[PDB]
Amino acid sequence: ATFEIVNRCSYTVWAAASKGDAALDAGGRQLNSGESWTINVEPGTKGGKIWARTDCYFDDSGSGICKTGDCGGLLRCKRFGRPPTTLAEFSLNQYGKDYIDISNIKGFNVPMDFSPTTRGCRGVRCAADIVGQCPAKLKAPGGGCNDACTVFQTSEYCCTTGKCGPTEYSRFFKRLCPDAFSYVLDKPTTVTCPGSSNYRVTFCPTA
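Residues numbered from 1 in each chain as written, not as in the entry; some residues may be left out. Heavy atoms only, no water.

This deposited entry lists X-ray crystallography as its structure determination method and 1.7500 Å as its resolution.

The PDB entry lists the chain under the name Thaumatin-1, with Thaumatococcus daniellii as the source organism. Per the header of the deposited record, the title is "Final Thaumatin Structure for Radiation Damage Experiment at 180 K". Of the chain, the UniProt comment under Subcellular location reads exactly: "Cytoplasmic vesicle". (UniProt positions renumbered as here; feature names shortened; annotations may be inferred.)

Q: In this structure, what is going on with helix α4 (residues 168–176)? I would like to understand it.
A: Structural remark: α-helix, 3.6 residues per turn; residues separated by three or four positions point the same way. Taken together, the buried positions of α4 are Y169, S170, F172, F173 and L176. Taken end-on, α4 shows its buried residues confined to a sector of 150°, consistent with a single buried face. Pointing more than 90 degrees away from the buried face of α4 are the exposed residues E168 and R175. (Buried < 20%, exposed > 50% of the residue type's maximum accessible area, 1.4 Å probe, protein only. Helix = DSSP H or I, 4+ residues; strand = E, 2+ residues; numbered from the N terminus. Arc of directions from axis to C-beta.)

Q: Hey, could you run me through the packing of aromatic side chains in this one?
A: To describe a pair of aromatic rings, one takes the distance between the centres and the angle between the planes. Applying the stated criterion across every chain, the model contains 10 aromatic pairs. Taking 4.5 Å as the distance between ring centres and 40° as the angle between the ring planes, the aromatic pair formed by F3 and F90 counts as tilted. On the criterion of sequence distance, the pair formed by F3 in strand β1 (residues 2–7) and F90 in strand β7 (residues 87–94) is long-range, its members being 87 residues apart. Summarising the burial analysis for this pair, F3 and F90 share the class buried. (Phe/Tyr/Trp six-rings, centres within 6.5 Å; stacked < 30°, edge-to-face > 60°.)

Q: So what exactly am I meant to see when it comes to the pairing of strand β8 (residues 97–103) here?
A: Regular strands place their side chains on alternate faces of the sheet. Within β8, five of the seven residues are buried, leaving the element largely enclosed by the surrounding structure. With six bridges connecting them, β7 and β8 associate as antiparallel partners. Counted as the bridge partner of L87 is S103 from β8. The turn linking β7 back onto β8 is made up of two residues, and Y95 within it adopts a positive phi angle of 55°. As defined by bridge partners, β8 adjoins strand β11 (residues 191–194) across four bridges and the pair is classed as antiparallel. Opposite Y99, over in β11, you have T192 as the bridge partner. (Pairing = 2+ DSSP bridges.)

Q: Please clarify how the state of the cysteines should be interpreted in this entry.
A: Here a disulfide denotes one covalent bond, and it connects the sulfur atoms of two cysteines. Applying the stated criterion across every chain, the model contains eight disulfides. A sulfur-sulfur distance of 2.0 Å marks the disulfide that ties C126 to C177. Disulfide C126-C177: torsion about the S-S bond near 85°, hence right-handed. Taken together, the positions of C126 in strand β10 (residues 124–126) and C177 in the loop between α4 and β11 put the pair 51 residues apart, joining distant regions of the chain. An identical accessibility class is assigned to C126 and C177; each is buried. A disulfide bridge connects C159 with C164, and the sulfur atoms are separated by 2.0 Å. Residues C159 and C164 are joined through a disulfide that is left-handed, its torsion about the S-S bond being -90°. Taking the relative accessible area as the measure of exposure, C159 reaches 8% and is therefore buried. (Disulfide = S-S within 2.5 Å.)

Q: Explain the pattern of salt bridges here, please?
A: Two side chains with opposite charge may pair up if their charged atoms get near one another. Scanning the entire structure with this criterion turns up seven salt bridges. With a shortest N-O distance of 3.4 Å, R29 and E35 are connected by a salt bridge. The class for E35 is partly exposed, based on a relative accessible area of 29%. With its nearest N and O atoms 2.7 Å apart, the salt bridge here joins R122 to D179. Of the two residues, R122 is situated in the loop between β9 (112–116) and β10 and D179 in the loop between α4 and β11; the sequence distance between them amounts to 57 residues. On the basis of relative accessibility, which here comes to 44%, the residue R122 falls in the partly exposed class. Judged by relative accessible area, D179 falls into the buried class, the value being 19%. (Salt bridge = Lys/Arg side-chain N within 4 Å of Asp/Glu carboxyl O.)

Written as structure tokens, this is what we have:
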């Protein structure tokens, strides 16, 4: 499956793509403003994620640090990124269908649109200025807007038992981005796409 990852931000981002225990394609790449990076994701990929990382520094070996979404200091991500990270999540060829969503469960750093480039389904978008409107207690000094679980580490925010409800913090992400997951047990905003669809992830789709 092809994913075109497009940076429409006015600033450089370092795209990342991983399934948690492995990189997807090269796992990461620098994208200057306006740049597009096309990756190939293995059919059947379950629990894949794509995200942007901001304010990165990498040495000649591809080792360094990012202010948001750092994946163990590597340019080419093999694991998930450090929150806050707006996440494009997907599971492909799951009983003949693909499933896509955008999640704010691990916070938000950059606005995003995640849409199929093929027929048969609608895209999802979280393009609002969540960082600018971020509640004081969720603001991440290094940039972005943390989810409540990251900040507070409570059973209620982290939905440890699977018996949690919405909160003042989850309602904030939900109000700004109705189409993205705001907490673990949020009413699913997952989109069902034909199996083997192709996609485009766009950072800063509006600005």
